[PDB]
There are 2 protein chains.
Amino acid sequence: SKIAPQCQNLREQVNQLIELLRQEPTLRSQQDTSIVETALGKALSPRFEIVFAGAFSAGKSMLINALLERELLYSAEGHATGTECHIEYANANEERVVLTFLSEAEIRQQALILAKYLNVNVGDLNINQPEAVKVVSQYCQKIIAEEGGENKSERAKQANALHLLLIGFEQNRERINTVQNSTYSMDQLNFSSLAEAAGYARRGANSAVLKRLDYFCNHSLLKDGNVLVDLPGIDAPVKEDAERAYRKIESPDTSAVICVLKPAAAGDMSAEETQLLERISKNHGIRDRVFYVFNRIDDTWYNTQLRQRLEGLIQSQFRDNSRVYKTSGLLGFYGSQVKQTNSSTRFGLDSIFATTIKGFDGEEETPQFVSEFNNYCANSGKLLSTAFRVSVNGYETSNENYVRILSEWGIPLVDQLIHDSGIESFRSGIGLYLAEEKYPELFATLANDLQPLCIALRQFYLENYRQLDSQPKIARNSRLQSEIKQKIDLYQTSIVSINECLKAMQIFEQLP
Amino acid sequence: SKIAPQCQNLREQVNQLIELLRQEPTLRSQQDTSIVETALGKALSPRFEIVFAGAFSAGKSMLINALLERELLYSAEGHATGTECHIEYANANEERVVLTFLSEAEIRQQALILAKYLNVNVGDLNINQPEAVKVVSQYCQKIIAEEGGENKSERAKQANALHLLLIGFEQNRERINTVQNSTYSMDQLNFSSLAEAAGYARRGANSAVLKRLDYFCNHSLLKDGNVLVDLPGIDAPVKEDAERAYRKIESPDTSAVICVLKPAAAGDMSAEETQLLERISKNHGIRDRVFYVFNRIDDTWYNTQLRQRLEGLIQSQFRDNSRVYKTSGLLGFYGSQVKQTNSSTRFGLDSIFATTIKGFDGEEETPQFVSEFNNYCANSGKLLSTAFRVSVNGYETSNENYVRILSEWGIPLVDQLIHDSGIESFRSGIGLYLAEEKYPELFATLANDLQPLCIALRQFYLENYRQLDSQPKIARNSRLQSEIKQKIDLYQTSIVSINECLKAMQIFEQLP
Ligand SMILES: Nc1nc2c(ncn2[C@@H]2O[C@H](COP(=O)(O)OP(=O)(O)NP(=O)(O)O)[C@@H](O)[C@H]2O)c(=O)[nH]1
Ligand SMILES: Nc1nc2c(ncn2[C@@H]2O[C@H](COP(=O)(O)OP(=O)(O)NP(=O)(O)O)[C@@H](O)[C@H]2O)c(=O)[nH]1
Ligand SMILES: [Mg+2]
Ligand SMILES: [Mg+2]
């Protein structure tokens, strides 16, 4: 939210106060000013980066489409998110894709590390020679064949990673700078047809040449300076980009987390996810920020056992009932999309699934939404309590069973679907938290971390001057005492300004 | 299969031949007789242990019930297989459960290792004092609380493991011997009600006090000396019993493997599974034996993307079309069970699901078979090509939708289900391989590994004696030469006996 003028001046006042503390070695050794300086850095809030770190194929990229109620991020079964990605606010005329390339220096360093692990006996990887690129990729292919297949061996996986990296550079030597990280853009006319297509081709390929794709977008969730960050599934075979995902989660460059967790589908927390929770716990202050989201909830509608397991898990480990949500992004995002559709469209079988509908032979094949919409109308869910006499016939195709239903019960029934999936709870909760809670919470935590610091300074000063007053040229002594006393008057002025900022923010845990 | 009398004598002949080789340091250094001795050890075949190593919740225990067409192994979502388990042939009067307990020495060693990792500052873990057991379990509970929940921390997981181990010993100090591994049994009257119930209570609890449960059973797949071994999911939180699973897979105590793989559900091979494939590859000879089984295939009926991914995976990595099978044990095993049921039963809603049907509140809740039977009759599958006008209604309960269908289309339709799931291919293929292929294959591999050994010996002997004959007391020299020549005559006799055994076995790669 926008900054009141006292809160605008507060940066100077807090830096000045920290300098007044640093002046005395006793307080400098006693107190970790860096913590307050970091909390101030957050309070300045040029960004507030929300990280969707979560398990492999847990649907986190889908879930960001659910929060945006728009298709942006590419999403498929298996790995489809092999690169860090950002979404940021921009106005209608400003919507664009901005890439960011690794340099030759980085690509060469990575290729050298891979070759060393592979025991690829090659000298300087002068990939500026297509001949050398050919030789090294032939080595990689030979290794992959001798390992016997792309996942027969860790050596095969790393060889395939090197092979993809080399092919990426060969495709991109026009754009990769030797030392700089080149900036390159896709521009919006038909955002989906041109722009997002050129996006996923540089994303869903998992091409390691990029380290960032930025999307600029109008959706109001972005507008207040909040940046949605997506990350690969931390069970990625490219171990370094998973470790960089940990870097992005851990480093103060970010502080928000959404964890996307399998237990509804998996049945229990995986060691992959407990490692993530430990790494979150290690950060000094994130744990208050962090949310849990259970995804693929729909599988609990079908099985008693998974629903019992998940209930037991939530009531055991996850009492934080304001920070836990159940969702199925696949049903919510398409549900909202389906509400836009029309009967003449065939309810999104054109203009939504039009790519997926064309099968391996190009004939009509069922998009997953339809098979787990029919599995929601028949067989499962709560329609028993509605008026909807929905029924699904095994002598009609999977699409006819959908077109018929939506052609008569449709627009009412889609709201029953959405409110069963619960994305309207999740998007509501984040929409509330990111505007209303987060700005006060960042100022409240700043004031809270300042409170021991200010108490320590007040105690040190008052105990010194009570010691001096209890014990027993005056113009010199008074010049020193009045200079430090005027520093204390500045401390009082700054704390008055901070308390006025907090009062304007309706924060009452004010400083002494 | 039963052993012909030449093949019965072959053990002596092969040991004797190996001694004739060992006599000469040149061959002893040149050749690894231990390989042939191991192949002979397999050829003697007092056991042939088949190991169902495969991913966490990949359904391998279910799949063994599918191979047996009987319930034996406990099975649930999440971990439900926390212990090594064996199934062996016995006759109708002999069917029994045989446990095998860890000793006090092992339990104490494990508890000490855990306490050391936990930094539990306790002396000798004299768990013979219930007071000490109480103190250590209170430490474990306090640690788990400070970590903040059973999967908040690796330290929490290991504390919970120690807590379960201690409670297990407290429950079992009547039966645990201090140094010996106690043997204890459950005996069959109502095998399911008494025996298998007392089984899962010592299995599905994941109580670490046991290291083996043996089941003795009549099913013909066991009868020819083949022992089915089940193992925990190698992504177990108890790292040691996973490493022991690796021990059981790797060590010559076993040689057969069935890998049970998620990619239909997961979308790709996990690093968990590639580690397993590498560990299999490291064993010197298993790789010819090993089978791949894709399980949770049914999810590919619903999604085009998973079916395409799995087809691409199989055609890339898994050309071994006689060693790859697609299955869904959940549909096959219950399908065969359902065929036994009757309409008055309500087709297994009594006498099969009678435990599961009683919900958390005891009311009727849907067993997973019914929800992914209705999802197979409606919406998915191939019934389009059958006569069956099956339909599923959203205004009727999940059980009424099942009872109605089976009450009119039932017994025909269950065969369409089973032959879609394909368990009748898998059980047929293993049934053929374990009798017909395996016994010849073990003798053929024994003969093949003998063939370099016999060629090396023949070359060494003939090159020595051609050297001597090409160069230039005779009773002494001839006593030596004729003794070694009679050893060569014994070699000829043994190789004649082996070739006669192979001929009786219709094996034609015979020795010179
Ligand atoms: N039934 C169902 N399927 C879901 C749900 N969420 C995700 N999926 C499945 O998973 C896909 C999501 O793809 P994607 O967003 O790339 O998943 P991801 O977690 O980002 N994969 P990665 O680990 O590579 O980052 C969907 O297309 C669908 O197949 C859900 O709530 N229900
Ligand atoms: N739909 C479906 N579910 C299956 C299938 N196979 C297994 N499951 C699910 O997984 C359960 C199998 O439990 P279990 O045999 O204990 O699995 P596991 O792989 O042995 N678990 P663990 O890793 O602890 O050894 C079934 O009850 C069902 O919920 C399948 O083919 N289809
Ligand atoms: Mg993804
Ligand atoms: Mg299991």
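Residues numbered from 1 in each chain as written, not as in the entry; some residues may be left out. Chains lettered and ligands numbered in written order. Heavy atoms only, no water.

In terms of determination method and resolution, the entry is listed under cryo-EM at 3.76 Å.

S.K.: Residues and numbers for the environment of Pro 252 of chain B, please.
M.R.: All names here are of chain B. Among the structural elements, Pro 252 can be located in the loop between helix 10 (239-250) and strand 7 (258-261). Here the alpha-carbon distance between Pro 252 and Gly 285, two residues 33 residues apart in the chain, equals 9.7 Å. Filtering out sequence-adjacent residues up to four positions away, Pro 252 remains in contact with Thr 38 and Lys 42. (Helix = DSSP H or I, 4+ residues; strand = E, 2+ residues; numbered from the N terminus. Contact = heavy atoms within 4.5 Å.)

S.K.: Give me the site of ligand 1: which residues, what numbers.
M.R.: All names here are of chain A. Lining the immediate surroundings of ligand 1 are 23 residues, of which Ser 57, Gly 59, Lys 60, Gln 368 and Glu 372 lie closest. Within the backbone of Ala 80, an N or O atom sits 3.3 Å from an oxygen atom of ligand 1. In this structure, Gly 329 approaches ligand 1 through a main-chain N or O atom, which is 3.3 Å from an oxygen atom. Secondary structure elements with two or more residues in the shell around ligand 1: helix 4 (60-68), helix 15 (329-340) and helix 17 (368-377). Per-element tally for the shell around ligand 1: the top contributor is helix 4, with three residues. (Near = heavy atom within 4 Å. Polar contact = N/O pair within 3.5 Å; in protein donor to acceptor, adjacent residues only side chain to side chain.)

S.K.: Break down the site of ligand 2 for me, with residues and values.
M.R.: Residues and elements named next belong to chain B. Around ligand 2, a shell composed of 23 residues is seen, among which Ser 57, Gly 59, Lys 60, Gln 368 and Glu 372 lie nearest. Across the complex, the protein chains shield 98% of the 670 Å² of accessible surface that ligand 2 would expose by itself. For the shell around ligand 2, the secondary structure elements donating two or more residues are helix 4 (60-68), helix 15 (329-340) and helix 17 (368-377). Among the elements that make up the shell around ligand 2, the one with the highest residue count is helix 4 (three residues). Among the residues making up the shell around ligand 2, the classes are represented as seven nonpolar, 11 polar and five charged. (Areas by Shrake-Rupley, 256 points an atom, 1.4 Å probe, with all protein chains shown as cover. Nonpolar A, V, L, I, M, F, W, Y, C, P; charged D, E, K, R; others polar.)

S.K.: Tell me about the interface of chain A and chain B, and please be specific about residues and values.
M.R.: Taken together, the contact pairs 59 residues of chain A with 58 residues of chain B. Contact between chain A and chain B buries roughly 4,900 Å² in total, counting both sides, with carbon and sulfur atoms accounting for 45%. At the boundary of chain A and chain B, one finds two salt bridges. Residue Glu 365 of chain B pairs with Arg 307 of chain A through a salt bridge whose shortest N-O separation is 2.4 Å. (Buried area = accessible area lost by both parts, 1.4 Å probe. Salt bridge = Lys/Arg side-chain N within 4 Å of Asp/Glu carboxyl O.)

S.K.: A description of the domain arrangement of chain A should follow, citing residues and the corresponding values.
M.R.: What the domain assignment lists for chain A is domain 1 (5-30 + 442-504), domain 2 (48-102 + 181-328), domain 3 (105-172) and domain 4 (342-421). The C-alpha centroid of domain 2 of chain A is placed 42 Å from the C-alpha centroid of domain 1 of chain A. (Domains from an automatic or database assignment.)

S.K.: Help me get a handle on the pairing of strand 3 (residues 96-101) of chain A, residues and values and all.
M.R.: Residue and element names in this part refer to chain A. With five of six residues buried, strand 3 lies mostly within the body of the structure. The pairing of strand 3 with strand 5 (residues 210-217) spans five bridges and is classified as antiparallel. Looking across to strand 5, one finds that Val 98 is bridged to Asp 214. (Buried < 20%, exposed > 50% of the residue type's maximum accessible area, 1.4 Å probe, protein only. Pairing = 2+ DSSP bridges.)

S.K.: Pulling in residues and values, what's your account of the layout of surface pockets?
M.R.: Any space left empty among the atoms is revealed by the rolling of a water-sized probe across them. Put simply, the second largest pocket is a space of about 810 Å³. What lines the second largest pocket is a set of 34 residues, among which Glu 365 and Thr 366 of chain A together with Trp 301, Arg 307 and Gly 381 of chain B lie closest to the centre. Among the secondary structure elements, those contributing two or more residues to the lining of the second largest pocket are helix 13 (298-302), helix 14 (304-317) and helix 18 (400-421) of chain B. Residue composition of the lining of the second largest pocket, grouped by class: seven nonpolar, 17 polar and 10 charged. (1 Å grid on protein atoms, 1.4 Å probe; cavity = no way out; pocket = protein on both sides within 12 Å on 5 of 7 lines; lining within 4 Å. Points joined across faces, edges and corners; volume = space filled by probe spheres on them.)

S.K.: Give a description of the relation of the copies chain A and chain B that names residues and reports values.
M.R.: Superposing chain A onto chain B requires a rotation of 180° together with a translation of 0.0 Å along the rotation axis, leaving an RMSD of 0.0 Å. Accordingly, the operation relating the two chain copies is best matched by a two-fold axis. Take the interface residues of chain A: 98% of them recur as interface residues in chain B, which is what a same-surface contact looks like. (Least-squares fit on C-alpha atoms.)

S.K.: With reference to specific residues and values, describe the packing of aromatic side chains.
M.R.: All names here are of chain A. Within this structure, the stated rule accounts for 34 aromatic pairs over all chains. Centroid distance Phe 291 to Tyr 433: 4.8 Å. Interplanar angle 85°. Geometry classified as edge-to-face. With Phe 291 in strand 8 (residues 291-294) and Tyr 433 in helix 19 (residues 423-470), this residue pair connects regions lying 142 residues apart in the sequence. Relative to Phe 369, the ring of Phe 353 has its centre 5.8 Å away and its plane inclined at 20°; by these criteria the two rings are stacked. Here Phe 353, found in the loop between helix 15 and helix 16 (354-357), pairs with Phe 369, found in helix 17; they are 16 residues apart in sequence, far enough to count as distant. (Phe/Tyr/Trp six-rings, centres within 6.5 Å; stacked < 30°, edge-to-face > 60°.)

S.K.: I'd love a proper account of the UniProt feature "binding site: Mg(2+)" (unreviewed entry) in chain A, names of residues and values included.
M.R.: Residues and elements named next belong to chain A. UniProt records the feature "binding site: Mg(2+)" (unreviewed entry) for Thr 81 in the present numbering. As for its placement among the helices and strands, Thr 81 is situated in the loop between helix 4 and strand 2 (85-89). Residue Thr 81 is classed as buried on the basis of its relative accessible area of 10%. Separated by 3.3 Å, the side chains of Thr 81 and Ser 61 make a polar contact. (UniProt positions renumbered as here; feature names shortened; annotations may be inferred.)

S.K.: Pulling in residues and values, what's your account of the packing of helix 10 of chain B against helix 12 (residues 271-282) of chain B?
M.R.: Residue and element names in this part refer to chain B. Across the interface, helix 10 lies against helix 12 with an axial gap of 10 Å and an inter-helix angle of 40°. Remark: the crossing between helix 10 and helix 12 carries right-handed chirality. Here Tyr 246, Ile 249 and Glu 250 of helix 10 come into contact with helix 12, specifically with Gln 275, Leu 276, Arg 279 and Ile 280. (Axes fitted to C-alpha atoms, helices over the stretch in contact; angles between N-to-C directions. Left-handed = near helix turned anticlockwise from the far one by under 90°.)

S.K.: Tell me what's going on with the sheet that holds strand 7 (residues 258-261) of chain A, and back it up with residues and numbers.
M.R.: All names here are of chain A. Pairing is parallel in the open sheet, where three strands are placed in the order 7-8-9. Bordering the open sheet on either side are strand 7 and strand 9 (324-326), each of which pairs with just one other strand. Going across the sheet, the axis of each strand differs from the next one's by a mean of 20°, ignoring polarity. The pairing of strand 8 with strand 9 spans three bridges and is classified as parallel. Looking at the pairing, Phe 294 lines up with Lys 326 of strand 9.

S.K.: Tell me what's going on with a nonpolar patch on the surface, and back it up with residues and numbers.
M.R.: Residues and elements named next belong to chain A. A cluster of nonpolar side chains, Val 122, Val 135 and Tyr 139, forms an exposed patch at the surface whose accessible area comes to about 220 Å². Among the secondary structure elements, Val 135 is positioned in helix 6 (residues 130-147). The exposure class assigned to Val 135 is partly exposed, which follows from its relative accessible area of 39%. (Patch = residues over 30% accessible without salt bridge, like charges linked within 9 Å, V, L, I, M, F, W, Y side chains within 5 Å.)

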